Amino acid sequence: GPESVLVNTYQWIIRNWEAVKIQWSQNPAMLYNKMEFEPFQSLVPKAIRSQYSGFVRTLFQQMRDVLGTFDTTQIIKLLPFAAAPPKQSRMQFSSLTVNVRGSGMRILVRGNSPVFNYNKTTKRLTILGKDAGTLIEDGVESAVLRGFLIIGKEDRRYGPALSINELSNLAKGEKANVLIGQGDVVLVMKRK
């Protein structure tokens, strides 16, 4: 069923991570267009899956472009969302819907969630409470906000915290504090 599709998709990415990782760097459009992502795509709401894809494809390019920010967990998490024909938008998505267990569950873009839980202690990925396998690894977070880097902890110098939908009029190169999740304020920078 839908839960199996989600677990199986992440299991497949892990099993083939050697090849997938290279393709993500060298020919990502070919990777995104692989048939193996179609079952996952069936779980993503039709009204939004193209915008999710444009978002994730842009995040991935940020990661390619900003040295030292490669994050295996983040690539694996987001990769199936890149598989729709992309459309651009100005929105920041904090989570991404998948239809599973008879409801829309939401995968958090930053860090762990009940759907996608990578255990830094055991090194295994758990999807909806089930094992998906072991991740084989290769401060700035380049694949969370479109057009921004998360650069560290809160700095009071930069004023009141903004929500992720309050960033559109910041200047290129401007730093701001952002409420990125419950009780977690981070410093971001709008990319030049």
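Numbers for residues come from their place in the sequence shown, where the first is 1.
Deposited sequence between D138 and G139: 4 to 9 residues lack coordinates. Mean CA temperature factor is higher for 147-155 when stretches 28-36 and 147-155 are set side by side in the entry. Checked against the record, the higher mean CA B factor of 6-14 and 179-187 lies with 179-187. The entry assigns its greatest Cα B factor, within the set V66, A161, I48, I127, to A161. The entry assigns its greatest Cα B factor, within the set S95, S103, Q92, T72, to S103. In this PDB entry, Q41 carries a Cα temperature factor that places it within the middle third of its chain's modelled residues. Sort the chain's modelled residues by C-alpha temperature factor and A171 lands in the highest third, per the entry.
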